[PDB]
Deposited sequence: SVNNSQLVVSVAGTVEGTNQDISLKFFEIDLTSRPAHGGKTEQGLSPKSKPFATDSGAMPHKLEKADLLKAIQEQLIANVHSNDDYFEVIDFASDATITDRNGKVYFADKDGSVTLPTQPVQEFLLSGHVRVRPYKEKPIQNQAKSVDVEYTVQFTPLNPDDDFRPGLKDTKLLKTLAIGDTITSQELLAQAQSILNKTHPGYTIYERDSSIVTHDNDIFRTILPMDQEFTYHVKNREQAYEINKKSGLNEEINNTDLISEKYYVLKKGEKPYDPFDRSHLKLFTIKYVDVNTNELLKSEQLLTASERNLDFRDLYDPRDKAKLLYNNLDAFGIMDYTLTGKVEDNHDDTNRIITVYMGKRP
């Protein structure tokens, strides 16, 4: 791997209360430039981010406390490295190898404490995204509420539509895909109910006079208005094809198969080493099926019957 010293942080959480093991995916930290030194803190910080990585729901959030009496950084030979008073660690970046941060981390379900110094108002931000439900082509301010204030899928659903027209009109918000609220960079973002209405009542937070801010990021699926999905369950748009590989010498059917395909263009040859030849119908080897040494004769018989598409791919020995 990278000819540079990196620290493999491979841990497990142990949950406060129920001592249950929470898997955490190993990740590498790169020890580039400045013997390099790392603050314990930062390490924990990195660990936080990864625990938060790809959290669907809100109670999938966990908090990194400190290291168990498990944590331990070791080099290839078992030499343990220790934390000084700065809680930092100093690792020899030069001899060049990879270090191993093993052990457990103390964790607990994310449960914020009370906000002593309440914040005044939270300027609500909004930035939406759009995605076409099928074949096709193709962020601001608002309500600067306080803390108890709330908003709903309606209003949001609204401002969304408003913008939908403001850009490419004749389109429509088919459905809402995702919707999250970030409260002033606070790592823990409020994920909102996916498929169903809801109402977000701001939150809380210590005063960051000027004020605190929130942000709503959303994503809706759009339709060109008066259209439809893609392949929800359709095989009407696909073309059936029956392919017959035959011995050009013995006129014996070596093999045959039927396939449905999005286009007739795919009526072409396929190289089983070449990834671009995935949707291409006609083979040229038949080795994948035990049929040895046959080669594309370069002659194909297309009955052209659009209702009954039978292609006869001629093949001979080497």
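Comparing the deposited sequence with the modelled residues, the stretches lacking C-alpha coordinates are 35 to 59, 164 to 170, 241 to 251, 362.
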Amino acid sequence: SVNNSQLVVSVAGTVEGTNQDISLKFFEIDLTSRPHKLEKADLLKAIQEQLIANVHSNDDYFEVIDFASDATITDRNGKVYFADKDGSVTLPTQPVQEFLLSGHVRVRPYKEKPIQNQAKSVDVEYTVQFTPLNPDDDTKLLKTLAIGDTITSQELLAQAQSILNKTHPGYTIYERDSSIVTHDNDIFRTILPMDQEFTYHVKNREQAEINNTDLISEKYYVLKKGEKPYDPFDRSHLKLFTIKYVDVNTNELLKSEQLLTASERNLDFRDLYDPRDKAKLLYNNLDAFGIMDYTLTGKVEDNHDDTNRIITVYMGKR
From here on, numbers count along this sequence of modelled residues.
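Averaged over CA atoms, B-factors in the entry run higher in 256 to 264 than in the other of 256 to 264 and 274 to 282. Mean CA temperature factor is higher for 211 to 219 when stretches 88 to 96 and 211 to 219 are set side by side in the entry. For the set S162, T182, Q196, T242, the PDB entry puts the maximum C-alpha B factor at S162.
Remark: of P109, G226, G78, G103, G226 shows the highest value [criterion: C-alpha B-factor in the PDB entry]. When the modelled residues of the chain are ordered by their C-alpha B factor, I115 lands in the middle third.
Per the deposited record, the Cα B-factor of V15 falls in the middle third when ranked against the other modelled residues of its chain. Among all modelled residues in this chain, the alpha-carbon of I187 has a temperature factor (C-alpha) in the middle third. Ranked within its chain, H304 lands in the lowest third, by CA B factor from the PDB record. Compared with the other modelled residues of the chain, the Cα B-factor recorded for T295 ranks in the middle third.
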